[PDB]
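>>> Experimental structure and its sequence below.
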Number of protein chains: 2
Amino acid sequence: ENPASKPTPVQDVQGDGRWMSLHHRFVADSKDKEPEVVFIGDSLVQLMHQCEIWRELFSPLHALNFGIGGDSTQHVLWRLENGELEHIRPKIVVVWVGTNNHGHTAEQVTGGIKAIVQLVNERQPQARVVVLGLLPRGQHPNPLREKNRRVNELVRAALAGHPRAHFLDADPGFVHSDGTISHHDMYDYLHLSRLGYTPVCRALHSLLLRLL
Amino acid sequence: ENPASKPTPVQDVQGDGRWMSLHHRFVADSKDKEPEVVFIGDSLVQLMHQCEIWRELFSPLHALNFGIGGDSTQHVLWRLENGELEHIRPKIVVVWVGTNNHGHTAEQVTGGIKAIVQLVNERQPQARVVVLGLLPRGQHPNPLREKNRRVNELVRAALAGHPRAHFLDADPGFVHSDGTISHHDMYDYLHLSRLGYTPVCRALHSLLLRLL
């Protein structure tokens, strides 16, 4: 198996059960609500709900945010299989995950993203899927930039022939000419500041509006 | 040794060097600035700079935020020893760390907090130190709540006899009568929402103003 595409929950090694609490909250959300758009992924998804305004762009679209910080592809795959797509019939599912897949190759991460798209295509066949590219990270040039770029190439190639599957590069050019990423854009060179989120969210929002 | 009080940097096992970038940024901050207050700790400190307004309460006090998500006590101790207290002469240092010290007992975590206070007392003897209590976490009752409470008891007892060392319980009562924490307060039952931050920041700000 590709570990990136074998669905598995996060194991609690801390003791407070937070990841399963989040999953259960989302399951309840889907049971009780009727979203047009559901967003799922890692902290870049989750903190959009706080740290960008979410309220002005995405709230109007009738959206649920199932981001969880730290998730890898296989965790998002498990969550979609285990309740978060039940009781709903979204028009669009937005996926943003793979930057946390440490120890997986770029090809394995791509297989995890492809597996997520396929599950959504099975469980929610009416939905369009939007996959976001993995953003650059690290203050300076480093292997995860190359990795992330290579996933993006491979995912873009995989989705090119997919009528209702859409790859979106949301990066406005966070890596400057000198190789650096500004902490004004990503405060810790991974996570977006409010300023970082603006261009990202703008780009997503445009696409969503087109599709919708 | 108590692992919580043996200073050690976070080892990069991902490859993008972000933790050392953050440390180096803070070192540069201290080299170039003249804070009256420096805040140091984990993500509860770091995201105050974003996710609470920071700008209206803490900015006026001439403050630097050296929070880093994921740090344990020993990481904060290393960072203070390795450059982040150089070139400055703050009136107050605010410490908030120990919730991430997984695998350390409550007594070991307390020893790490005590070690941090002692280092600040050595390197910046004019400064008052403010330690925040560890907040509850997890949606429901769990061992980390008891752990965190027990650190708070032990730290409060340790600091009681310390003229210029101040323990602040900033918890307004996030654990409700039914044992639960609301995701409106902590979106993932650890990290504070903007709403969660308001009472916390209010309480800190009051204390700071008294002291100052």
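Received it, and whenever you're ready, just let me know what you need. Numbering: from 1, shown residues only, chains lettered A, B, ... in the order given.

>>> can you pull out the helices in chain A?
A:18-32, A:43-46, A:48-51, A:54-57, A:73-79, A:106-123, A:143-160, A:194-211 (DSSP state H).

>>> Can you spell out which helices and strands pack onto the second one?
This points to helix A:43-46. Secondary-structure packing of helix A:43-46 (3 or more C-beta pairs under 8 Å, 6 or more residues apart in numbering or on different chains; DSSP states H and E): strand A:63-67, strand A:92-96. C-beta here means a position set from N, CA and C on the backbone, and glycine is covered the same way.

>>> so which of the ones you listed gets nearest chain B?
strand A:63-67 (9.6 Å; C-beta to the nearest C-beta).

>>> Any chance of the helices of chain A in TSV with mean neighbour count as columns?
What follows is those, written out as TSV (neighbours: other C-beta atoms under 10 Å in any protein chain shown):
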stretch	mean neighbour count
helix A:18-32	17
helix A:43-46	24
helix A:48-51	22
helix A:54-57	14
helix A:73-79	25
helix A:106-123	20
helix A:143-160	17
helix A:194-211	17
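
>>> a markdown table for the ones you listed, including distance to residue A:176?
Listed next are these as a markdown table, based on distance: least, C-beta to C-beta, whole Å:
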| stretch | distance to residue A:176 |
| --- | --- |
| helix A:18-32 | 35 |
| helix A:43-46 | 20 |
| helix A:48-51 | 22 |
| helix A:54-57 | 26 |
| helix A:73-79 | 29 |
| helix A:106-123 | 23 |
| helix A:143-160 | 13 |
| helix A:194-211 | 13 |
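
>>> Write out the residues of chain A neighbouring chain B.
Applying C-beta under 8 Å from any C-beta of the partner chain, we find that chain A lies next to chain B at A:13-18, A:21-22, A:25, A:46, A:49-51, A:68-69, A:102, A:137-140, A:142-145, A:183, A:187-191, A:193-194.

>>> Could you pull up the residues touching residue A:17?
Contact analysis of residue A:17 by C-beta atoms under 8 Å, 6 or more residues apart in numbering or on different chains lists B:138-140, B:142.

>>> one more time with 7 Å
By C-beta atoms under 7 Å, 6 or more residues apart in numbering or on different chains, the contact list for residue A:17 reads B:138-139, B:142.

>>> any idea which residue sits dead centre in chain A?
Centroid-nearest residue in chain A: residue A:96, 1.4 Å away (criterion: C-alpha atoms, centre = their mean).

>>> was I right about residue A:175 contacting residue A:181?
Yes - Residue A:175 is within contact range of residue A:181, at 6.0 Å (criterion: C-beta atoms under 7 Å).

>>> Quick check on the most far-flung residue of chain A relative to its centre: phi, psi?
Most distant from the centre of chain A: residue A:178, at 27.9 Å, with distances by C-alpha atoms, centre = their mean. Per-residue torsions, residue A:178: phi -90, psi 10 (degrees, to the nearest 10).

>>> how close does it get to chain B?
14 Å (C-beta to the nearest C-beta, to the nearest Å).

>>> From residue A:141, how far off is that residue?
Residue A:178 sits 10 Å away from residue A:141, going by C-beta to C-beta, to the nearest Å.

>>> if we can go back for a sec, give the contact list for the residue nearest to the centre of chain A.
So residue A:96 contacts A:41-42, A:44-45, A:132 (C-beta under 7 Å, 6+ apart).

>>> Return the residues in contact with the residue lying closest to residue A:4 once chain neighbours are set aside.
Closest residue in space to residue A:4, ignoring its immediate chain neighbours: residue A:112 at 3.1 Å, by C-beta to C-beta, 6 or more residues apart in numbering or on different chains. By C-beta under 7 Å, 6+ apart, the contact list for residue A:112 reads A:2, A:4-5, A:73-74, A:77, A:98, A:101.

>>> And the residues you listed, which two are furthest apart?
Spatially, the most separated pair among the contacts of residue A:112 is A:2 and A:98, at 12.4 Å (C-beta to C-beta).

>>> Between the two, tell me which one has more neighbours.
residue A:98 (30 against 17; other C-beta atoms under 10 Å in any protein chain shown).

>>> Got phi/psi on that one?
phi 130, psi -10.

>>> same thing with the one 3 residues further on?
Taking degrees, to the nearest 10, you get phi -80, psi 60 for the backbone angles of residue A:101.

>>> How many neighbouring residues does it have?
Neighbours of residue A:101 under the rule other C-beta under 10 Å: 26.

>>> show me what contacts it?
Contacts for residue A:101 (C-beta under 7 Å, 6+ apart) come out as A:4, A:72-73, A:109, A:112.

>>> Let me have the helices and strands packed on helix A:43-46 in CSV, extended by distance to residue A:168.
What follows is these, written out as CSV (distance: least, C-beta to C-beta, whole Å):
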stretch, distance to residue A:168
strand A:63-67, 16
strand A:92-96, 9
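
>>> and among those strands, the most buried is which?
Greatest average neighbour count among those goes to strand A:92-96 (a mean of 25), per mean count of other C-beta atoms under 10 Å in any protein chain shown.

>>> one step back: sort out which one of the contacts of residue A:17 lies nearest residue A:169 for me.
The closest of those, once distances to residue A:169 are taken by C-beta to C-beta, is residue B:139, at 36.1 Å.

>>> How about residue A:6, nearest residue that isn't a chain neighbour?
residue A:74 (5.7 Å).

>>> cool, and residue A:156?
Ranked by C-beta to C-beta, 6+ apart and with sequence neighbours excluded, the top spatial neighbour of residue A:156 is residue A:167, at 4.6 Å.

>>> Quick one: neighbours of that neighbour, just the number.
Quick note: residue A:167 (other C-beta under 10 Å) scores 18 neighbours.

>>> Quick check: it touching residue A:129?
No - Residue A:167 lies out of contact with residue A:129 (C-beta under 7 Å); the separation is 9.6 Å.

>>> ok, so what distance separates the residue nearest to residue A:156 from residue A:151?
As defined by C-beta to C-beta, residue A:167 lies at a distance of 11 Å from residue A:151.

>>> picking up where we left off before, would you list the contacts of residue A:112 in JSON lines and tack on distance to residue A:163?
As requested, those are exported to JSON lines (distance: C-beta to C-beta, whole Å):
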{"residue": "A:2", "distance to residue A:163": "25"}
{"residue": "A:4", "distance to residue A:163": "25"}
{"residue": "A:5", "distance to residue A:163": "22"}
{"residue": "A:73", "distance to residue A:163": "23"}
{"residue": "A:74", "distance to residue A:163": "26"}
{"residue": "A:77", "distance to residue A:163": "22"}
{"residue": "A:98", "distance to residue A:163": "23"}
{"residue": "A:101", "distance to residue A:163": "27"}
